[PDB]
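Read through the structure below, which is laid out as structure tokens, and then see the notes.
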Ligand SMILES: Nc1nc2c(ncn2[C@@H]2O[C@H](COP(=O)(O)OP(=O)(O)OP(=O)(O)O)[C@@H](O)[C@H]2O)c(=O)[nH]1
Ligand SMILES: CNCCCOc1cc(F)c(-c2c(Cl)nc3ncnn3c2N[C@@H](C)C(F)(F)F)c(F)c1
Ligand SMILES: Nc1ncnc2c1ncn2[C@@H]1O[C@H](COP(=O)(O)OP(=O)(O)CP(=O)(O)O)[C@@H](O)[C@H]1O
Ligand SMILES: Nc1nc2c(ncn2[C@@H]2O[C@H](COP(=O)(O)OP(=O)(O)O)[C@@H](O)[C@H]2O)c(=O)[nH]1
Ligand SMILES: [Ca+2]
Ligand SMILES: [Ca+2]
Ligand SMILES: [Ca+2]
Ligand SMILES: [Ca+2]
Ligand SMILES: [Mg+2]
Ligand SMILES: [Mg+2]
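Chains as they are written, first to last, in the working numbering: chain A, -18 to 419; chain B, 2 to 352; chain C, 354 to 771; chain D, 8 to 61.
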């Protein structure tokens, strides 16, 4: 058994981390006090769920997680929340002045002051690992800590742990829930600095999560808690293969080899179904072919783009609940009849499929209904480059006039890092084009 | 009120649609890159489809279908025809055609059938075309394959070669060739609307079987007959004959209708072309919605068989009909999504 | 825990400042004794931003009161809450400033300023993590204007990495009670251009018209004008005093509101259904700076709604004003209007809507002052009272050039396209 | 439609479905990066403190 360490950076990263860990505990049967009645290996074990949970002699199960934010408002609600006793105060790290939605301030000014303490506390968790896989990093693109400090930590993790794999879960900025005008700048600057250190990054556009919550859960103005509860679902179905017995994506390395044939194009599109509101008296279950077919509708994607106008290079199907391989191959065959699914010449037209018999777990009181079969699709389609085109254009409009740039220079960044980062994503947008376009 | 932007200012059709929307009193025009628009009358090349449908609180509409290029360009159309089961490489209404690149390429395909009919001494006059050429240039006809792709390796753009219509229906008086242009509007619901009024764009010099040299007996394009033509304008003004008079000619001269004799074939070719790509370009459940106006180009042989020769995704109208069509665009494609305050000119082709 | 230090200088500053502490003390449930007796406990979650907590859970405003004459500060010590303030934070002189910016900045104010920064420095070191400073003052007088901007420049020297905010009453287009106000205002604007991060511009003619035309008070007073200001100061600082996340501290607000460092002068507005408020909030008749926004374009905008309301409607209504009036927002700053909603309403009202615009139409205020300044300075009228306190003429020229440059910048960005 | 690499266990099943076959900076350089940024900051603070001393 090989371990994974999760790192939660900034407000978004932490609040999403705390929704993921609550969901993990319900899925594995761990209580708020870290006690696992189903666990008969006391104070130890090489079970696959031990990839995410340590174990004390007293029988507590501790997340292999570190939370870091440069202001304490958010992490302290973890210290006082219903899962407070899950963590050791040494896994939670606070500044007192945050990055003020300023990449340069989280990366250069404040990141320099705190990066070495975060690495120490990470190292203490890595010390008790018999064979570390790598890290899953949760953060936002728009925040100053999420963008600025995250990219600095990835640079340092690539040397302190040069061989380990690094996976990202990144929140792409959406104006309907965004906190700052500068989020396009922070997104581009951190993507450029982080790109050659990330092995595989699953980006969630808050816009898509927002309108799913509106349309399918009938929440008229979704909150972060509503967004995070759905986000945790998709995250859990992606990490389930690391925490449960199986033979697909059992190692962080498999994510890259199965989904990322091109190192720079390491941004898989996630699509999830079914998202059904829990208060609707009830619904008649959907087929395997129906939720599988929902995975090709843009209204269910974590990022709103049109895969029909690009090419796939890989596709995984992660089912949970009452599903068997017969019904899957039937849905796939019939779905390739009616859908535009064009792979690249250089790759086979195929689907890797995983099934876990445990139906999806839902949080009590949440807005999502207990289903008995769900599916998450991971497809590496060039269509996700539409998200880079949107951001790059917003970046361009403001930067042509140097709007807000003085806030970054004032922190010691040079104007040239702006042009450098923008030229990188210009290349990336073109790389995406040569692959998926004729 | 509603907002819209104009990003191809040299479009005759949507130049007039813009003018009619402003006369509404319910539409205001922002400029190029104001993103807070309801409707985008977009550019022809590299229109940013990825930036549409991402403005909170605004239903957005664009006058182009992402992906309609695979049908509106020659190389793409032939690949579409031959590789789509719905449309068959044995397609009856599309002329024998082959994609061939200068200097995936059907050039040895092409002369296999060339010699096959030389063996049978059947008609062996082909034609080579491209998307880059215009002005009746980058176009050539001849009987011997040898120097017609001696002629396109002479260029560096992809060109197609296509069996030439050697026995076309020829108007009299004149003994002259012609094309038929039909305008079709696909709205956001993918209703296929056919403009009741077409036009025959005509040649004004008798069709000369004997030599392909001078391309004014051969190429019915509006401009070459306006530009290298003695009698451009004699029989009909502007070499534009419209359906009412063409109908009367076929009746008087061959005892048949237009609707019967030709239109049923046109409507069938349109349905087949656009339903074949619906799964690939429909915006039914997309964050933005599309409509688009196409111009189909058909030719008719002597047996009253209709042939499709190309589809135009950014078409121009005929001067007599700009008013009627352009307002039909507003009522069916624009005011369909953006209602205004308070018979028909299209043929719906069901599906 | 992200504490602010409040300073009020001159008569105007101390009056406005005094009523500001009345309004937000009631909002946070503090009584004139400094003891809390409120209903909810969001009243106290961020009370440390503006109040020092002291013995017996007595809450003392982190406020410093400054003037060159004792009169106006006897009035505040007499007022409803005059007893809430720390008596050592009254820092006062006896000479006065004589409506003379030079006296406030260079001579009379020089004698008193080091005692003010002594109190500022003791407040600041009782701060777990000082956020910045906010000053209330007039630009037309001598103390708030001349000594106010001296305090600012001295505070920037000791705290160069902290935010500096001002609420600044500016000369009015038609109304004046002193002859030399153009000189005092121009000399202070030059100081503010370079040493503040955010300035809220207020003038009395606009505040008066609201009082008379809208709230139908037959004979408005400075007291009425001052309740208006203090109500909108409570509004613009709601996101700093109550749990939220948009514009929750002074630096984050600055990053979202100031695209270019010199254009940090804002138009405040206030109002009074949800479609009702959002129409009011954007009307010229509801802003307090006597500039019409339709004569410029918004570089950024911050809208704050208070009370309990359908945030779905608020989100929908703001979107409609943006898409309805796109012409008045720069197209090269995407999504430049940000909305915050806090549940606790102001007293008397149930749904508030305060507006913070960074509009290039503020150009008009600086050109009004520039035209007055030049008409006097071209003839050196009244200048001997300033050079008589030691000033050079070139100090006036430089201030004039800088305010004219500021006007050119606003026009530059008013014109820019994408 | 081949169904290769089938694996089963108590918790679930895995397999592949083919439809059609085909046709970093040093640690030293990092702090040198953060020190050049810290230099530029203090050069800026110094010029302001000099300007205010003036
Ligand atoms: N989905 C989701 N998005 C969030 C959450 N919190 C913040 N965001 C988004 O992230 C952006 C703001 O970044 P934050 O994470 O709050 O900033 P930060 O990382 O804490 O950095 P600083 O506060 O500037 O130091 C906006 O685009 C928000 O919409 C969250 O809990 N869930
Ligand atoms: C239709 N557009 C006209 C706008 C009228 O604008 C205003 C503003 C004010 F601030 C006052 C005002 C008030 Cl309200 N209270 C006062 N107490 C002592 N002085 N003083 C005031 N002004 C001094 C100069 C005066 F009285 F000498 F005129 C005022 F009267 C009109
Ligand atoms: N296989 C064929 N046989 C006979 N004539 C043909 C032919 N293909 C094309 N033509 C004729 O040559 C002319 C020019 O061909 P084509 O339509 O492709 O040029 P073009 O792209 O400029 C038309 P438009 O200007 O409307 O886009 C046509 O009007 C047609 O009459
Ligand atoms: N709103 C308001 N404005 C005032 C008040 N007192 C003075 N002013 C304004 O400020 C100017 C006089 O400045 P003042 O505060 O008396 O000067 P200072 O004491 O030297 O700072 C005039 O233009 C008035 O419009 C007041 O109590 N309220
Ligand atoms: Ca165990
Ligand atoms: Ca690496
Ligand atoms: Ca003295
Ligand atoms: Ca001293
Ligand atoms: Mg934060
Ligand atoms: Mg053409």
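Ideal Cβ positions, reconstructed from N, Cα and C, are used throughout, including at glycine.
Quiz item: Any heavy atom of ligand 9 within a distance shorter than 7 angstroms of the CB on residue 79(A)?
Solution: yes
Practice problem: Taking all protein chains shown into account, decide if residue 765(C) is buried (16 or more other Cβ within 10 angstroms of its Cβ) or exposed. | Solution: exposed
Quiz item: residue 83(B) by DSSP, collapsed to three states: which one?
Solution: helix
Self-check item: residue 153(A), buried or exposed, once every other Cβ within 10 Å from all chains shown has been counted against 16
Solution: buried
Quiz item: Is residue 164(A) buried or exposed, if buried means 16 or more other CB atoms sit within 10 Å of its CB?
Solution: buried
Self-check item: Where residue 420(A) falls: helix, strand or coil (DSSP)
Solution: No answer is possible for residue 420(A): it lies beyond the span of chain A, which begins at -18 and ends at 419.
Exercise. Report whether the distance from the Cβ of residue 313(B) to the nearest heavy atom of ligand 10 is below 7 angstroms.
Key: yes
Practice problem: Measure how close the beta-carbons of residue -9(A) and residue 92(A) come, nearest whole angstrom, since I'm counting them as under 8 angstroms. | Solution: Not quite, the Cβ-Cβ distance comes to about 12 angstroms (not below 8 angstroms), so this is no contact.
Quiz item: Is it a yes or a no for the stretch 610 to 618 of chain C touching the stretch 752 to 770 of chain C, going by three-plus beta-carbon pairs under 8 angstroms?
Solution: yes
Quiz item: When every heavy atom of ligand 7 is checked, does at least one fall within less than 7 angstroms of the C-beta of residue 464(C)?
Solution: yes
Quiz item: Got a sec, what are the start and stop residues for the alpha helix (DSSP H) residue 247(B) sits in?
Solution: 244 to 255
Practice problem: Anything in chain C within Cβ reach of residue 55(D), meaning under 7 angstroms, just list it in chain order. | Solution: 513
Practice problem: Look at the Cβ atom of residue 709(C), then the Cβ atom of residue 603(C), and state whether they are nearer than 8 angstroms. | Solution: no
Quiz prompt | Of the residues 419(C), 380(C), 437(C) and 425(C), the one placed nearest residue 406(C), counting alpha carbons only | solution = 437(C)
Practice problem: Enumerate, from N- to C-terminal direction, the unbroken alpha helix (DSSP H) stretches of 4 or more residues contained entirely within the stretch 628 to 714 of chain C. | Solution: 664 to 677
Quiz item: Would the C-beta of residue 535(C) count as close to ligand 2, meaning under 7 angstroms from any of its heavy atoms?
Solution: no
Practice problem: Measure from the C-beta of residue 358(A) to each C-beta in chain D and report whether the shortest distance is under 8 angstroms. | Solution: no
Quiz item: So, helix, strand or coil for residue 36(A), using DSSP?
Solution: coil
Quiz item: Exposed or buried, what is residue 356(C) when buried is set at 16 or more other beta-carbons lying within 10 Å of its beta-carbon?
Solution: buried
Quiz prompt | Extent of the continuous alpha helix (DSSP H) run through residue 365(C) | solution = 363 to 380
Practice problem: Count the other CB atoms, across all protein chains shown, that sit within 10 Å of the CB of residue 479(C); report buried if there are 16 or more and exposed otherwise. | Solution: exposed
Exercise. Keeping to the same chain, check which residues put their C-beta closer than 8 angstroms to that of residue 22(D); ignore five residues upstream and five downstream.
Key: 10, 11, 12, 13 and 14
Quiz item: residue 441(C): beta carbon under 7 angstroms from a heavy atom of ligand 8?
Solution: no
Exercise. Provide the residue(s) that pair with residue 302(B) in DSSP beta bridges, ordered along the chain.
Key: 169(B)
Practice problem: Step through the CB atoms of chain D and report whether any lies within less than 8 angstroms of the CB of residue 388(A). | Solution: no
Quiz item: The beta strand (DSSP E) spanning residue 6(B) covers which residue range?
Solution: 3 to 7
Quiz item: Using a beta-carbon distance below 8 angstroms, is residue 627(C) in contact with chain A?
Solution: no
Exercise. Establish whether the CB of residue 83(A) and some CB of chain C are separated by less than 8 angstroms.
Key: yes
Exercise. In angstroms with no decimal places, state the Cα-to-Cα distance between residue 13(B) and residue 21(B).
Key: 13 angstroms
Quiz item: So is the beta-carbon of residue 164(A) under 7 angstroms away from any non-hydrogen atom of ligand 9?
Solution: no
Quiz prompt | Per-residue contacts from residue 52(D) into chain C (C-beta, under 9 angstroms) | solution = 513 and 514
Quiz item: residue 50(D): buried (16+ other C-beta within 10 angstroms of its C-beta) or exposed?
Solution: exposed
Quiz item: So which residues put a beta carbon under 7 angstroms from any heavy atom of ligand 8, going in chain order?
Solution: 467(C) and 471(C)
Quiz item: Which residues, in order along the stretch 284 to 317 of chain A, keep a beta-carbon less than 9 angstroms from a beta-carbon of chain B?
Solution: 285, 286, 287, 289 and 290
Quiz item: Given that residue 509(C) touches chain D, what residues does it touch there, using C-beta distances under 9 angstroms?
Solution: 55 and 59
Practice problem: Examine chain B for any beta-carbon lying closer than 8 angstroms to the beta-carbon of residue 669(C), and answer yes or no. | Solution: yes
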